[PDB]
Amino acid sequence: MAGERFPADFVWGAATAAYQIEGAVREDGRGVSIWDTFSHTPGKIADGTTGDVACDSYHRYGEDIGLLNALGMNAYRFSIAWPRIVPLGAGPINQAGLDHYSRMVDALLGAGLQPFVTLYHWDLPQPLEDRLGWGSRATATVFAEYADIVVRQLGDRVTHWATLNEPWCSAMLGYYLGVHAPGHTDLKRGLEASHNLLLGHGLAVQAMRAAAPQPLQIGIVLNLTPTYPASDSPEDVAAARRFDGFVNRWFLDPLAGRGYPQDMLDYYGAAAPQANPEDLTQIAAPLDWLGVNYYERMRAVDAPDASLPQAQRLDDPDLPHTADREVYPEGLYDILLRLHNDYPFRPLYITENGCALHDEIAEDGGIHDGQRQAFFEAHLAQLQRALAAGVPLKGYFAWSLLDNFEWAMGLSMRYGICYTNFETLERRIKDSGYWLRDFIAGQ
């Protein structure tokens, strides 16, 4: 009921992050990141792996370009590693680092692949974490200095930039739940980190506008989880609102000029961050787009005896599941309709969508990942519905181009549209990747 075609100028890409794919962790002046420290801490990664080699994309990005070209994509979302650019976090530049990314940008543009660059995809320089990391306002200031450096050199060629990827993860997984680097476990520290991440975003936007050699299209990338109460009871509805506030509105509202949501301030009490009119104005620095990373919904039941927020997930077993998630494509439509009608950000990009499976190389040599094909098919159908409703959607990036180091899950959780043999570093396009190729060409 939503037609057949996407816009002719739609952006079609795949996405990666530097620590997940690059390897070469000590090469060419790179400094230590929090993810180097964390992955080298016994027990923090499920399978004893690290990003030391990963996909070896520091050396093999040309192979990655070959895959993007084989897929007929027109864009590549990737991150720049702050440790390669400013190894001390705050300090001199490492021109060799910048020059690596300059050559990669030129290779992408030569191939007809628009670079969509993420400045911060979780790889904070360890020296900054030694000075409290996102627990310090200074980290926000020097993040903006890094953003300036990078834009000054690459902004003649790269128009589309994101400051941060998934600040909820960096703050809440990294400083509250301890599952991500740097691995702290305190709610107040997580909420403080969340504020300094938003402040760093806003300071960076302003620094990038001043350093820009041409006008830029600057955004931020948020994970969003559409949340639904398991019943209409006051208790379940309130649990859904608390979860929705914890993940989504805590970030969307300040970005939208609305301040932090008061219901969440009330809930968090004394753990809430120190945070004034001046910082809010900074946080709301005008953006040219918003990136949405969408994977799943949350169907919330009140659970008065759990950690902040007392919201238990109610699984639907009749819905399919992947290796690690429930599949719910209609949530993509729902979150986009909400953003379109309720929030000011536009245009919108889906900067990540994808799934993990127990992928293996079959006897014939292919990877028969039909559930991942079906995942893309169903989510793209929802995007057509969103477009029909007027949502100002301008592109879609599959997470991920290739299997990679999936954070606390290690190399063991495969999200690629291309398979990565981590021993030999060979990549092979999965059946879902060929489906994407053919879908994109058919448009």
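Only the largest set of C-alpha atoms that superpose within 1.5 Å between the two forms is called the rigid core. Each residue number is its position in the shown sequence, starting from 1.
**Q** Fitting on the core, do the C-alphas of 310-318 or of 73-81 deviate more in 8 other deposited structures of this protein?
**A** Stretch with the larger root mean square C-alpha distance in 8 other deposited structures of this protein: 310-318.
**Q** Between 26-34 and 397-405, point out the one with the higher average CA B-factor as the PDB entry records it.
**A** The entry gives the higher C-alpha B-factor average to 26-34.
**Q** Compare the mean C-alpha B-factor of 167-175 with that of 206-214 as given in the PDB entry, and name the stretch with the higher value.
**A** Stretch with the higher mean C-alpha B-factor: 206-214.
**Q** Choose from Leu119, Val247, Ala193, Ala284 the residue with the greatest Cα B-factor as stated in the PDB record.
**A** Highest C-alpha B-factor among the listed residues goes to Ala284.
**Q** Taking the Cα B-factors listed in the entry, which of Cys355, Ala144, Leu314, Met104 comes out highest?
**A** By C-alpha B-factor in the record, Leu314 ranks first.
**Q** State the tercile, meaning the lowest, middle or highest third, of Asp369 with respect to the CA B-factors recorded for its chain.
**A** Lowest third of the chain for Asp369's C-alpha B-factor.
**Q** Would you mind checking where the Cα B-factor of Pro125 ranks among the modelled residues of its chain, as the lowest, middle or highest third?
**A** Lowest third of the chain for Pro125's C-alpha B-factor.
**Q** Based on the entry's values, in what third of the chain does the Cα temperature factor of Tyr76 lie: lowest, middle or highest?
**A** CA B-factor rank for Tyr76: lowest third.
**Q** Select lowest, middle or highest to describe the third in which the CA B-factor of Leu224 falls within its chain in this entry.
**A** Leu224: CA B-factor falls in the lowest third of its chain.
**Q** Place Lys188 in the lowest, middle or highest third of its chain's C-alpha B-factors, as listed in the PDB entry.
**A** Tercile = highest for this residue's CA B-factor.
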